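Novice: Would you mind keeping the following structure in view while I ask a few things?
Protein chains: 2
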Amino acid sequence: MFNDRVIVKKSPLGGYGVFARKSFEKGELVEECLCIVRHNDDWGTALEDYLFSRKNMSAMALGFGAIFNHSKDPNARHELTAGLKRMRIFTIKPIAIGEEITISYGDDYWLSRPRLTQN
Amino acid sequence: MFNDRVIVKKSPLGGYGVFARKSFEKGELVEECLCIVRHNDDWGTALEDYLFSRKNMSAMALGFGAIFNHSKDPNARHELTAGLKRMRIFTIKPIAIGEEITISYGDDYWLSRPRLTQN
């Protein structure tokens, strides 16, 4: 799909990842809806699908997991679920009006009053 | 997305559900890829996302769960996962070259040699 906030690239075409079209400082906000994350061993055995875990984060995807594979480093964190986590994404790295985004990046519980002025 | 086999409607637009464009008798076959189903209580606590369970079936979705909400009755069964269940969908009700489809319908372990002649 695609939204003025960020362009998502999940369809095969020589490039998998979620790009953002809006330069900004460390502290942006992205949106999506294709992740099922939790925190437990029974999870890796329960959500057996496109698992994507890092140290403590244990989640799974199904079309976006591969979109997150191409990530030499933690570009930004994400929170899309109904139990824990949340329904929003944060980018601790400045955006370049056309940069790529990924997920999984430790935790760092904190915020800063997001301000998505329209787009 | 959309496929000659069936047209999927997940994008908001005053209508959520998976429609089928191919009249047939009770015993059709649909295809998809957005469901994570299992059978256990720890599941409802592990897959906490868009849960969709019925009597014994305990599953969760993320874009298709709402597409299954609009279902006054069990239109057809489904099986899309890697652990149990399978990767195909069956329609025990005749198709009307433009009918809507849903999921969750008891179990009835059985088959009948599906014959998806192209489309």
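Protein sequence lines, in the order shown, are assigned to chains B and A.
Just so you know, we're using the deposited numbering here: the first sequence kicks off at 1 and counts up by one.
Just so you know, we're using the deposited numbering here: the second sequence kicks off at 1 and counts up by one.
For every residue, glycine included, the Cβ atom is placed at its ideal position computed from N, Cα and C.
1. Can the beta-carbon of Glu28(A) be found less than 9 Å from the beta-carbon of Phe68(A)?
2. Name, in chain order, the residues that DSSP records as bridge partners for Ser58(B).
3. From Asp41(A) to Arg38(B), what does the alpha carbon distance come to, in whole angstroms?
4. Rounded to whole angstroms, how far is the Cβ of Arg88(A) from the Cβ of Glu79(A), which I believe are closer than 8 Å?
5. Can you find a C-beta in chain B that's less than 9 Å from the C-beta of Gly83(A)?
6. Can you tell me where the alpha helix (DSSP H) holding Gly65(B) begins and where it ends?
7. Taking 9 Å as the CB-CB limit, is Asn40(A) close to chain B?
8. Just to make sure I have the definition right: I need the residues of chain B whose C-beta is within less than 8 Å of the C-beta of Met60(A). Which are they?
9. Does the separation of the CB atoms of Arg77(B) and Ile92(B) fall below 9 Å?
10. Give a yes or no on whether 9 Å exceeds the smallest Cβ distance from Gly14(A) to chain B.
11. Would you call the CB atoms of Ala20(B) and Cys35(B) closer than 9 Å?
12. Output the boundary residues of the beta strand (DSSP E) element that contains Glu99(B).
13. Identify whether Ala20(A) lies in helix, strand or coil by the three-state DSSP scheme.
14. With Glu79(A) as the anchor, note down where its beta strand (DSSP E) starts and where it stops.
15. At 9 Å on the CB atoms, spell out the chain A contacts of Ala76(B), in chain order.
16. I'd like to know whether the C-beta of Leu47(B) is nearer than 9 Å to at least one C-beta of chain A.
17. Under a CB-based cut-off of 9 Å, is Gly65(B) close to chain A?
18. Output needed for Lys55(A): all residues of its chain with C-beta closer than 6 Å, excluding positions within five of it in sequence on either side, in chain order.
19. So, for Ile95(B): in the same chain, excluding its five sequence neighbours on each side, which residues have a beta-carbon less than 7 Å away from its beta-carbon?
20. Distance cutoff 9 Å, beta carbons only. Does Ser53(A) sit that close to anything in chain B?
21. What does the Cβ neighbour count give for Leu62(A), buried or exposed, with the cut at 16 atoms within 10 Å?
22. According to the neighbour-count rule (16 or more other Cβ atoms, all chains shown, within 10 Å of its Cβ), is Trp43(A) buried or exposed?
23. Note the first and the last residue of the continuous beta strand (DSSP E) segment covering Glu31(A).
Specialist: Concretely, from the data shown:
1. Working through the second sequence from its first residue, we reach residue 28(A) at position 28. Working through the second sequence from its first residue, we reach residue 68(A) at position 68. For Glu28(A) and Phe68(A), no; Cβs fall outside 9 Å.
2. In the first sequence, counting from the first residue as 1, residue 58(B) sits at position 58. Answer is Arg38(B), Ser53(B), bridged to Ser58(B).
3. If you number the second sequence from 1, residue 41(A) lands on position 41. If you number the first sequence from 1, residue 38(B) lands on position 38. Their Cα atoms are separated by approximately 16 Å.
4. Sequence index remark: in the second sequence, residue 88(A) carries index 88 (1-based). Sequence index remark: in the second sequence, residue 79(A) carries index 79 (1-based). Contact check for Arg88(A) and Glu79(A): beta-carbon distance about 6 Å, within the 8 Å limit, so the pair qualifies.
5. Along the second sequence, read from residue 1 onward, the residue named residue 83(A) stands at position 83. Taking Cβ atoms only, chain B reaches closer than 9 Å to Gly83(A), which makes this a yes.
6. Along the first sequence, read from residue 1 onward, the residue named residue 65(B) stands at position 65. Unbroken alpha helix (DSSP H) run through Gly65(B): 65-69.
7. Position 40 of the second sequence holds residue 40(A). Output row for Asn40(A): interface = yes.
8. Residue numbering aside, residue 60(A) sits at position 60 when the second sequence is read from its first letter. Those within 8 Å of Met60(A) in chain B are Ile36.
9. As a position in the first sequence, residue 77(B) is number 77, starting the count at 1. As a position in the first sequence, residue 92(B) is number 92, starting the count at 1. Cβ atoms of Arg77(B) and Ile92(B): closer than 9 Å.
10. For the purposes of this step, residue 14(A) is taken as residue 14 along the second sequence, with counting starting at 1. With 9 Å as the cut-off, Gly14(A) does not count as an interface residue toward chain B.
11. Here residue 20(B) refers to the residue found at position 20 when the first sequence is read from its first residue. Here residue 35(B) refers to the residue found at position 35 when the first sequence is read from its first residue. Going by C-beta atoms, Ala20(B) is not nearer than 9 Å to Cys35(B).
12. Your numbering for residue 99(B) matches position 99 in the first sequence. From DSSP, the beta strand (DSSP E) with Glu99(B) extends over 99-101.
13. Residue mapping note: residue 20(A) aligns to position 20 of the second sequence, counting from 1. In this structure, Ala20(A) counts as strand in the three-state DSSP scheme.
14. For this step, residue 79(A) is matched to residue 79 along the second sequence. Residues 77-80.
15. Within the first sequence, residue 76(B) is the residue found at index 76, counting from 1. Correct list: empty, because the minimum Cβ distance to chain A is about 20 Å.
16. To locate residue 47(B), count along the first sequence from 1; it is residue 47. It does; some Cβ of chain A falls within 9 Å.
17. By one-based count along the first sequence, residue 65(B) stands at place 65. No, its Cβ sits nowhere closer than 9 Å to a Cβ of chain A.
18. If you number the second sequence from 1, residue 55(A) lands on position 55. Excluding residues within five positions, none has a Cβ falling inside 6 Å.
19. In the first sequence, counting from the first residue as 1, residue 95(B) sits at position 95. These residues qualify, in order along the chain: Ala20, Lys22, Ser23, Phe24, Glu28.
20. Taking the first residue of the second sequence as 1, we reach residue 53(A) at position 53. Chain B, which has no Cβ nearer than 9 Å to the Cβ of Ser53(A), makes this no.
21. Residue numbering aside, residue 62(A) sits at position 62 when the second sequence is read from its first letter. Buried.
22. If you number the second sequence from 1, residue 43(A) lands on position 43. Buried, by the Cβ-count rule.
23. Residue numbering aside, residue 31(A) sits at position 31 when the second sequence is read from its first letter. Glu31(A) -> no beta strand (DSSP E), and no H or E assigned at all.
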